[PDB]
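FYI, side chains are in, hydrogens and waters are out, and symmetry mates aren't considered; it's all heavy atoms of this structure. Protein chains get the first letters and strands the later ones, always in sequence-line order, with residue 1 at the start of each.
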Amino acid sequence: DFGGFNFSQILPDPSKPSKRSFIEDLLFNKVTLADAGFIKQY
Amino acid sequence: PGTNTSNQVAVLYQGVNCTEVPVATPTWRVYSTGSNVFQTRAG
Ligand SMILES: *[C@@H]1O[C@H](CO)[C@@H](O[C@@H]2O[C@H](CO)[C@@H](O)[C@H](O)[C@H]2NC(C)=O)[C@H](O)[C@H]1NC(C)=O
Ligand SMILES: *[C@@H]1O[C@H](CO)[C@@H](O)[C@H](O)[C@H]1NC(C)=O
Ligand SMILES: *[C@@H]1O[C@H](CO)[C@@H](O)[C@H](O)[C@H]1NC(C)=O
(Lines give C-alpha, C1' and ligand atoms only; values in the text may rest on other atoms or scores of the structure.)
(Ligands and ions follow the chains in the order given, each with its own letter.)
Protein backbone atom coordinates (compact mmCIF):
# COMPACT_ATOMS: atom_id res chain seq x y z
CA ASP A 1 0.00 0.00 0.00
CA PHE A 2 2.45 2.59 -1.32
CA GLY A 3 -0.03 5.24 -2.44
CA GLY A 4 -0.46 3.75 -5.91
CA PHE A 5 3.27 3.46 -6.61
CA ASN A 6 4.28 0.10 -8.07
CA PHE A 7 7.65 -1.32 -6.98
CA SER A 8 7.02 -4.94 -8.00
CA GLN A 9 9.57 -4.78 -10.83
CA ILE A 10 12.38 -3.71 -8.47
CA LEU A 11 11.34 -5.66 -5.37
CA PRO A 12 12.67 -9.21 -4.91
CA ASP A 13 10.86 -12.11 -6.54
CA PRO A 14 10.46 -14.90 -3.94
CA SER A 15 9.77 -17.56 -6.59
CA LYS A 16 13.26 -17.49 -8.09
CA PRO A 17 16.06 -19.40 -6.31
CA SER A 18 18.02 -16.14 -6.20
CA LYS A 19 15.78 -13.45 -4.72
CA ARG A 20 16.55 -11.01 -7.52
CA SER A 21 14.09 -8.48 -8.88
CA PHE A 22 12.86 -8.56 -12.47
CA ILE A 23 15.22 -5.74 -13.48
CA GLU A 24 18.14 -7.33 -11.63
CA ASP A 25 17.55 -10.60 -13.49
CA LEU A 26 17.36 -8.64 -16.75
CA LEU A 27 20.73 -7.03 -16.02
CA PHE A 28 22.33 -10.36 -15.07
CA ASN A 29 21.10 -11.84 -18.34
CA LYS A 30 22.41 -8.79 -20.21
CA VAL A 31 25.96 -9.08 -18.87
CA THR A 32 27.84 -12.29 -19.73
CA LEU A 33 30.98 -13.04 -17.72
CA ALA A 34 33.86 -15.52 -18.12
CA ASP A 35 33.96 -17.62 -14.91
CA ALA A 36 34.08 -16.49 -11.28
CA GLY A 37 35.78 -19.49 -9.68
CA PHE A 38 32.68 -21.72 -9.55
CA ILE A 39 34.75 -24.51 -7.94
CA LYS A 40 36.44 -25.89 -11.06
CA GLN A 41 36.18 -29.68 -10.96
CA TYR A 42 38.74 -30.31 -13.74
CA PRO B 1 43.32 -16.61 14.56
CA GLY B 2 46.69 -15.19 15.54
CA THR B 3 49.63 -16.90 17.22
CA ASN B 4 48.96 -15.54 20.71
CA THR B 5 45.33 -16.70 20.73
CA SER B 6 46.05 -20.23 19.48
CA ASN B 7 48.46 -22.27 17.39
CA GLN B 8 45.59 -24.18 15.76
CA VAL B 9 45.17 -23.42 12.05
CA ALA B 10 42.90 -24.40 9.18
CA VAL B 11 44.05 -25.04 5.61
CA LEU B 12 42.09 -24.12 2.47
CA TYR B 13 42.94 -25.68 -0.90
CA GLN B 14 41.65 -23.09 -3.36
CA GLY B 15 39.74 -24.34 -6.40
CA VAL B 16 40.13 -27.99 -5.42
CA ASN B 17 37.53 -30.70 -5.05
CA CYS B 18 37.72 -32.27 -1.62
CA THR B 19 38.14 -35.75 -3.12
CA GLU B 20 41.25 -34.59 -5.00
CA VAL B 21 43.13 -34.26 -1.69
CA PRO B 22 42.63 -38.00 -1.01
CA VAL B 23 43.58 -38.38 -4.69
CA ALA B 24 46.78 -36.51 -3.82
CA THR B 25 54.66 -30.20 -3.21
CA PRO B 26 53.79 -29.56 0.48
CA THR B 27 55.65 -32.13 2.56
CA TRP B 28 53.21 -32.02 5.49
CA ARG B 29 50.25 -34.40 5.11
CA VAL B 30 49.05 -34.37 8.73
CA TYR B 31 45.71 -32.90 7.63
CA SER B 32 44.86 -35.89 5.41
CA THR B 33 43.11 -37.47 8.41
CA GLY B 34 40.17 -35.13 7.84
CA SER B 35 36.88 -36.10 9.52
CA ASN B 36 36.05 -32.38 9.30
CA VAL B 37 36.74 -31.65 5.62
CA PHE B 38 34.33 -29.02 4.28
CA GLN B 39 33.85 -28.44 0.55
CA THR B 40 33.30 -24.75 -0.17
CA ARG B 41 32.96 -22.93 -3.47
CA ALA B 42 36.36 -21.38 -2.75
CA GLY B 43 37.89 -24.84 -2.34
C1 LIG C 1 2.42 -3.70 -10.20
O2 LIG C 1 3.03 -3.91 -11.55
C3 LIG C 1 2.98 -5.31 -12.00
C4 LIG C 1 3.47 -5.36 -13.41
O5 LIG C 1 4.63 -4.58 -13.53
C6 LIG C 1 1.56 -5.89 -11.93
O7 LIG C 1 1.64 -7.30 -12.15
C8 LIG C 1 0.76 -7.66 -13.23
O9 LIG C 1 -0.65 -7.91 -12.76
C10 LIG C 1 -1.53 -8.35 -13.85
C11 LIG C 1 -2.83 -8.80 -13.26
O12 LIG C 1 -2.64 -9.12 -11.91
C13 LIG C 1 -0.94 -9.51 -14.67
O14 LIG C 1 -1.75 -9.71 -15.84
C15 LIG C 1 0.47 -9.24 -15.10
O16 LIG C 1 1.01 -10.44 -15.72
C17 LIG C 1 1.32 -8.88 -13.95
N18 LIG C 1 2.71 -8.58 -14.42
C19 LIG C 1 3.84 -9.27 -13.79
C20 LIG C 1 5.27 -8.99 -14.26
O21 LIG C 1 3.64 -10.05 -12.92
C22 LIG C 1 0.92 -5.66 -10.59
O23 LIG C 1 -0.48 -6.04 -10.68
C24 LIG C 1 1.00 -4.25 -10.13
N25 LIG C 1 0.54 -4.20 -8.71
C26 LIG C 1 -0.73 -3.55 -8.39
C27 LIG C 1 -1.21 -3.49 -6.93
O28 LIG C 1 -1.39 -3.07 -9.25
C1 LIG D 1 48.53 -11.23 22.07
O2 LIG D 1 49.80 -10.78 21.39
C3 LIG D 1 50.40 -9.68 22.16
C4 LIG D 1 51.69 -9.26 21.51
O5 LIG D 1 51.66 -7.88 21.27
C6 LIG D 1 50.67 -10.06 23.62
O7 LIG D 1 51.05 -8.88 24.34
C8 LIG D 1 49.48 -10.68 24.30
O9 LIG D 1 49.91 -11.25 25.57
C10 LIG D 1 48.86 -11.75 23.47
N11 LIG D 1 47.64 -12.30 24.15
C12 LIG D 1 47.78 -13.53 24.94
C13 LIG D 1 46.56 -14.13 25.66
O14 LIG D 1 48.84 -14.06 25.03
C1 LIG E 1 33.57 -33.05 -6.34
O2 LIG E 1 33.63 -34.54 -6.58
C3 LIG E 1 32.36 -35.27 -6.51
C4 LIG E 1 32.63 -36.55 -7.24
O5 LIG E 1 33.98 -36.57 -7.61
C6 LIG E 1 31.23 -34.50 -7.19
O7 LIG E 1 30.00 -35.20 -6.97
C8 LIG E 1 31.12 -33.11 -6.65
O9 LIG E 1 29.98 -32.43 -7.25
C10 LIG E 1 32.34 -32.30 -6.85
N11 LIG E 1 32.19 -31.09 -5.98
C12 LIG E 1 31.70 -29.80 -6.46
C13 LIG E 1 31.59 -28.62 -5.48
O14 LIG E 1 31.39 -29.64 -7.60
Side-chain angles (χ1 to χ4, degrees):
Chain A
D1 213 333
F2 295 122
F5 290 79
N6 185 300
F7 302 113
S8 81
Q9 311 147 87
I10 60 185
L11 281 181
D13 205 357
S15 78
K16 307 199 243 220
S18 51
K19 316 307 171 147
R20 289 203 286 246
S21 63
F22 190 89
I23 286 172
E24 279 179 306
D25 253 28
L26 255 49
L27 301 157
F28 269 83
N29 289 347
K30 285 317 282 191
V31 165
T32 63
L33 314 101
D35 209 22
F38 313 110
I39 182 51
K40 297 253 312 193
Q41 220 197 325
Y42 271 37
Chain B
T3 54
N4 71 352
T5 315
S6 159
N7 291 36
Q8 179 178 354
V9 298
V11 175
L12 160 81
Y13 295 92
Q14 307 162 8
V16 178
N17 211 337
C18 264
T19 71
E20 260 67 8
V21 162
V23 171
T25 296
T27 310
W28 41 274
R29 207 53 171 152
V30 298
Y31 280 80
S32 199
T33 308
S35 73
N36 50 5
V37 286
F38 181 39
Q39 170 69 51
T40 81
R41 188 143 311 120

(request) Only counting residues at least two apart or in another chain, list the ones meeting side-chain contact (heavy atoms from CB on, under 4.5 Å) with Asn6(A). (result) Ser8(A), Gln9(A)
(message) Under the rule for ring pair (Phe, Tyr, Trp, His ring centres under 6.0 Å), what residues qualify as partners of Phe2(A), not counting sequence neighbours?
(response)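 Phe2(A): ring pair (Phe, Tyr, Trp, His ring centres under 6.0 Å) contacts with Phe7(A).
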Other members of the hydrophobic cluster containing [X], with the 4.5 Å side-chain heavy-atom rule, please.
X	value
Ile39(A)	none
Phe38(A)	none
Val31(A)	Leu33(A)

(message) Under the side chain to side chain donor-acceptor pair (under 3.5 Å) definition, can you give me all pairs with a residue in residues 29-42 of chain A, not counting sequence neighbours?
(response) none
(request) If a pair satisfies side chain to side chain donor-acceptor pair (under 3.5 Å) and one of its residues is in residues 6-18 of chain B, list it, with sequence neighbours excluded. (result)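 Matches after skipping sequence neighbours: none remain.
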Please tabulate, one pair per line, all N/O donor-acceptor pairs under 3.5 Å involving side-chain atoms of residues 34-43 of chain B, not counting sequence neighbours.
| unit_1 | atom_1 | unit_2 | atom_2 | d |
| --- | --- | --- | --- | --- |
| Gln39(B) | OE1 | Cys18(B) | N | 2.7 |
| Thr40(B) | OG1 | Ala42(B) | N | 3.1 |
| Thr40(B) | OG1 | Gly43(B) | N | 3.0 |
| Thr40(B) | OG1 | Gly43(B) | O | 2.9 |

(request) Of all the heavy-atom pairs spanning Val9(B) and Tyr31(B), show the shortest one and how long it is. (result) O-OH, 3.0 Å
(message) According to side-chain hydrogen bond (donor to acceptor under 3.5 Å, both in side chains), who are the partners of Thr33(B), at least two apart in sequence or on a separate chain?
(response) none
Side chains of residues 10-23 of chain A: which donor-acceptor partners sit under 3.5 Å, not counting sequence neighbours?
| unit_1 | atom_1 | unit_2 | atom_2 | d |
| --- | --- | --- | --- | --- |
| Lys16(A) | NZ | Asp25(A) | OD2 | 2.9 |
| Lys19(A) | NZ | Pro14(A) | O | 2.9 |
| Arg20(A) | NE | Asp25(A) | OD1 | 2.8 |
| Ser21(A) | OG | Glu24(A) | N | 3.2 |
| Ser21(A) | OG | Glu24(A) | OE1 | 3.2 |

(message) Would a single hydrophobic cluster contain both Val23(B) and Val16(B), if residues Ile, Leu, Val, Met, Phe, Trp and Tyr are joined by side-chain heavy-atom contacts under 4.5 Å?
(response)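 Hydrophobic grouping puts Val16(B) apart from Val23(B).
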